[PDB]
Amino acid sequence: XXXXXXXXXXXXXXXXXXXXXXXXXXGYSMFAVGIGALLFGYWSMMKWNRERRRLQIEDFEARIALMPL
Amino acid sequence: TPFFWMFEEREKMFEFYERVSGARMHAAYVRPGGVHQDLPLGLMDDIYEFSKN
C-alpha cells in the first residue's frame, strides 16, 4: 500500500463570514448616560461653589476686621 | 499595529513553504513538469488547522 497526503473535511473552516458586530452602545442609550453625566456634573459642581461663598466672605472679612494692619 | 498583527501569521506562513521546499522565500518548487516534490504528511493537518483559525 502506498501512503500519500490525506484529506480532512469535518467543518471546512467556514469561509467568508462577518465577525464584526455592534456591542455595548446602541445609540439612544449612550445619550441618556451622556446628558445624564452632564446633569449630575453641573449640579454637584455648583454646590461646592456655594460652599466656597461661605469661605469667600469670611476670608475678606479678615482685612476689614484688622485695621491696626 | 496592523503590520505586526499579520507578520506573526506571515512567519507561520513561511513554515508551509519551508516544509514543502528547502528554502524560506523563493523556491524552485513549481516546474514545467507540474510540481517538483510531494506534499509531506505533516502539512495537510497543518493547512486545515491554520485556515480554521
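The numbers here are math on the coordinates, done by the rules we state, and not lab data. Here Cβ is always computed from backbone atoms with ideal geometry, including for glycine, and neighbour counts include all displayed protein chains.
Within the stretch B:5-53, can you find the residues that are part of a loop (DSSP other than H, G, I, E, B) and within 14 Å of chain A (Cβ to nearest Cβ)? Passing the criteria: B:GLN37, B:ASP38, B:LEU39, B:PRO40, B:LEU41, B:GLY42, B:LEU43, B:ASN53.
Among residues of the stretch B:9-29 that are in contact (Cβ under 8 Å) with a residue 24 or more places away in the chain, those with a beta-carbon under 7 Å from a residue that is part of a loop (DSSP other than H, G, I, E, B) at least six positions away or on a different chain give the pairs B:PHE16/B:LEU43; B:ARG19/B:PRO40; B:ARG19/B:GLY42; B:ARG19/B:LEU43. If the condition is being within 19 Å of A:UNK8 (Cβ to Cβ) and hydrophobic (A, V, I, L, M, F, W, C), then the stretch B:14-44 contributes B:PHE16, B:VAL20, B:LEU39, B:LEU41, B:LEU43, B:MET44.
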